[PDB]
């Protein structure tokens, strides 16, 4: 929206347009209070510019809280690339140009912002980015990066998922029905984990091959259009965000909500509804923090692979504290989560 686009209260907004490629660049820094901002680089096609600005803004926020509640020394920031065409259609030469300019933009910030991979960006691109700028996390192992953080991400979400399931009074994942939306990098990892832990897997993905294979493995396919209406014990949104609107909140058929996506909840009211409906949601910003722990832990703090792994598992604990507060003070988890980040940031 316009509010969310023009009247954003973050510390800085950076924009740029390239006539050559017709692409627009957005870099939103929400907070640099606890450290330089850091956030991925999402590249995607938006209906309107304002949608691009909105997204960069909501994500940047999530980043800020995510870093604070996870005890990372950094601020929240985010970069959005409004593509002129679908990522897959972009030609190599353009992709590269676009990447080049983006990198130029980061370099201007001079360490006030550090990027990494997000939707449609990868370790190879980071490497590419790194040819112009230094403010990059997630470059491939060969270039000196910590590489991909999906796994750390998925591990975090699994631990989180387990913590949520226990709290809700469902016992263990054993014999529970888990619905995974989005079988990507993280999504697909998380399914392996849950399956292995005794859960029945219901899966959905825009990608048929993805789906086909999960089916191969003994999973159950869900038509994209039956997703939000499909009964489960747990709902794992691991695809795009803004998935839970006020209307979805009142109709979802589950007891738990735990996934990897950023910004799952569209409106504040939705979050109240789930709550009111006896649906235990684990805050996205807590749950999906394994990727940040990984990049920051490794690249910034120099943590080994194990520590990072162990810190990501500790995500479950954070949740337990979140759950304790929400339960004590009578707030939603979301709020409860917001409360603990604030306390950890020592605000």
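Residue numbers count along the first chain shown, from 1.
Taking the mean of the C-alpha B-factors per stretch from the entry, tell me the winner out of 214-222 and 183-191.
-> It is 214-222 that shows the higher mean C-alpha B-factor.
Tell me which of 25-33 and 314-322 has the higher mean C-alpha B-factor in the deposited entry.
-> In the deposited entry, the stretch with the higher C-alpha B-factor mean is 25-33.
Select one of 276, 106, 124, 90: the residue whose C-alpha shows the highest B-factor in the crystal structure entry.
-> Each of 276, 106, 124, 90 was compared by C-alpha B-factor; the highest is 90.
Tell me which of 98, 243, 252, 173 tops the list for C-alpha B factor in the record.
-> The listed residue with the largest C-alpha B-factor is 173.
Among the chain's modelled residues, which third holds the C-alpha B-factor of residue 204?
-> As the PDB entry reports it, the C-alpha B-factor of residue 204 lands in the highest third of its chain.
Lowest, middle or highest third: where is residue 155 by C-alpha B factor in its chain?
-> Middle third, going by the recorded CA B-factors of the chain.
Relative to the other modelled residues of the same chain, rank the CA B-factor of residue 231 and answer lowest, middle or highest third.
-> Highest third - that is where residue 231 ends up once the chain's C-alpha B-factors are sorted.
Is the Cα B-factor recorded for residue 331 in the lowest, middle or highest third of its chain?
-> Middle third, going by the recorded CA B-factors of the chain.
Check where residue 116 lands among this chain's C-alpha B-factors and tell me if it's the lowest, middle or highest third.
-> As the PDB entry reports it, the C-alpha B-factor of residue 116 lands in the middle third of its chain.
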